[PDB]
Amino acid sequence: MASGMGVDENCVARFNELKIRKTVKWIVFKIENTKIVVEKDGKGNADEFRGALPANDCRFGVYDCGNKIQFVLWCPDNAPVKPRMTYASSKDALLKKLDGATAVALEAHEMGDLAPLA
């Protein structure tokens, strides 16, 4: 349920360690139950998340690149579209607030999430 969501400032706070230090990162938060909170965040994003994410379920991770910033959502093959809707819908509330980043999101139904992005 994306309606009436509340966002924790920690999700946005990661951007001050991100943008100021100019070290690129990827943080993964969970959007359901009308709460936005991260379950994991790591430095070494492209290499780290390939082995750090055996998620099985869908979660929402934001990863920055030089060319663009895509909000990454891997779809759950073992889960329905109902939890899936929450992420793709509420991601605007994140995007609109945290950076001037790109309004495009990355949807993965293949192994793209844990695949070699870089």
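Points to keep in mind about this one:
- Test result for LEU95, under 21 Å from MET111 (Cα atoms) and buried (at least 18 other Cβ atoms within 10 Å of the Cβ): no
- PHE49 being surrounded by 15 or more Cβ atoms within 10 Å (Cβ to Cβ) and in contact with a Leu (Cβ under 6 Å, 6 or more places away or on another chain): no
- Exactly one residue out of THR34, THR23 is on the phi > 0 side of the Ramachandran plot, polar (S, T, N, Q) and touching a helix residue (DSSP H, G or I) at 6+ places or on another chain (Cβ under 9 Å), and it is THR34.
- Among the residues of the range 71-91, those identified as closer than 13 Å to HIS109 by Cα and of a type in the set (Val, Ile, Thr) are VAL72, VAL81.
- Of all the numbered requirements in (1) touching a residue at least 60 places away in the same chain (Cβ under 8 Å); (2) over 18 Å from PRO116 (Cα atoms), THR34 misses one, and that requirement is (1).
- Inter-residue pairs, beta-carbon under 7 Å, first touching a residue at least 60 places away in the same chain (Cβ under 8 Å) and at negative phi and in the range 61-87, second in a loop (DSSP other than H, G, I, E, B) and surrounded by fewer than 17 Cβ atoms within 10 Å (Cβ to Cβ), 6+ apart: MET85/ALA2; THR86/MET1; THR86/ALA2
- Selection from the range 56-83 of residues that are of a type outside the set (A, V, I, L, M, F, W, C) and touching a strand residue (DSSP E or B) at 6+ places or on another chain (Cβ under 8 Å): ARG59, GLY61, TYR63, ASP64, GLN70, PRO83
- In the range 60-81, residue surrounded by the fewest Cβ atoms within 10 Å (Cβ to Cβ) [restricted to those that are under 18 Å from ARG14 (Cα atoms) and β-branched (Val, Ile, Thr)]: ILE69
- Boolean, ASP41 is touching a residue at least 40 places away in the same chain (Cβ under 8 Å), of a type in the set (D, E, K, R) and crowded, with 16+ Cβ neighbours inside 10 Å: no
- Selected residue (criterion: nearest to the chain's Cα centre (by Cα)) from residues of the range 1-38 that are over 24 Å from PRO83 (Cα atoms) and surrounded by fewer than 16 Cβ atoms within 10 Å (Cβ to Cβ): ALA13
No value in this document is a laboratory result; all are computed from the given coordinates. Virtual Cβ from ideal backbone geometry, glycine too; neighbours counted across all protein chains shown.
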